[PDB]
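We begin with a single chain expressed as structure tokens, specifically the form deposited in one PDB entry.
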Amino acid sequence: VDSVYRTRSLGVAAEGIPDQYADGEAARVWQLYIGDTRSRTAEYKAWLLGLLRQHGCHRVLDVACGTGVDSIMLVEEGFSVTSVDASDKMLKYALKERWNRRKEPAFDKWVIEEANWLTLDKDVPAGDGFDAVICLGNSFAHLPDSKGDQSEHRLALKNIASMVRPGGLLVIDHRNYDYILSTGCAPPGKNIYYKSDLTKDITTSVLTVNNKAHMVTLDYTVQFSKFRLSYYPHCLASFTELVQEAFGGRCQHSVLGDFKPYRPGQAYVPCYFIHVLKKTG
């Protein structure tokens, strides 16, 4: 009737040919986006190293590994890094970096694996747990909520948290959506991590379902061609009650705003909200 016949199943690959969509105009521009932003801010390195060291943390778990940029740093600082991610296409880059530098004893002890928050417990042979777990770069917002009850989110944090050893730390952040939703416009290049050395026109698209923010989409453009990403607009208010219950209350919360601590009714409006937690009980 009106069905469509595909040469190969979706998700399937074959020796000799590029995988599906591997080199469209959108993936190509996107490649440059994850490359022309694989640089870090001294302010960032300072803060991150600061927090981690002054906690006795050494065995760190990055659950938003990505191209490994944040882990490659902790690896150069002698930390015991375990980089993990659900995206094999993002991971390709972390691994490629580790192999190029396999001669450096540090990069030889760098564990890079594939894991999914939704099943992190079984995907990652932890056991002893880690001193610190990091999920920075606004990566958690990448996880949508197609279920409709944030349940998907609770499982993700419940799992991410049950990966930290008692008395352990958890640095999980997310952009400031309370502000983006309000202003409808999300500043382009207004980061605090990567030094934007690329041209980027960002078109913010918020979708409100029954008056409730449901999603934020960004269309990055450069010259003629563009690509897009979507995030779940998390409210600093709602994220907090959410990240804490993932621990079961047994946590010593604290929230920064672009590395500086945060006080409600504050004067400076943060670009990113970083939530740090010590797994008390």
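The term rigid core refers to the most C-alpha atoms you can superpose between the two forms while keeping them within 1.5 Å. Numbers follow the displayed sequence, beginning with 1.
According to the record, the deposited sequence contains 10 or more residues between residue 223 and residue 224 that were left without coordinates. Taking the mean C-alpha B-factor of each stretch as recorded, 166 to 174 and 189 to 197 are not equal, and the higher mean is that of 189 to 197. Of the two stretches examined, 156 to 164 and 85 to 93, the record assigns the greater average C-alpha temperature factor to 156 to 164. Among 28, 40, 228, 234, the highest C-alpha B-factor recorded in the PDB entry belongs to 40. Ranked within its chain, residue 210 lands in the middle third, by CA B factor from the PDB record.
Per the deposited record, the Cα B-factor of residue 67 falls in the lowest third when ranked against the other modelled residues of its chain. Compared with the other modelled residues of the chain, the Cα B-factor recorded for residue 280 ranks in the highest third. Among all modelled residues in its chain, residue 270 ranks in the middle third by Cα B-factor.
Per the PDB record, residue ranking by Cα B-factor puts residue 217 in the lowest third of the chain.
One more form of this protein should be noted, the form deposited in another entry, which is absent from this view; the next part is about it.
Note: rigid core superposed between the shown form and the other one; among 244, 230, 238, 37, the CA shift is 2 Å or more only at 37. Residue 189 is among the residues whose C-alpha shifts by 2 Å or more between the shown form and the other one once the rigid core is aligned. After superposing the rigid core, the Cα of residue 215 is displaced by less than 2 Å between the shown form and the other one. Residue 255 is not among the residues whose C-alpha shifts by 2 Å or more between the shown form and the other one once the rigid core is aligned; its shift stays under 2 Å. Legend note: Cα of residue 39 to Cα of residue 116 is at least 3 Å farther in the other entry than in the depicted form. If you compare C-alpha positions, residue 38 and residue 116 are 3 angstroms or more farther apart in the other entry than in the form on display.
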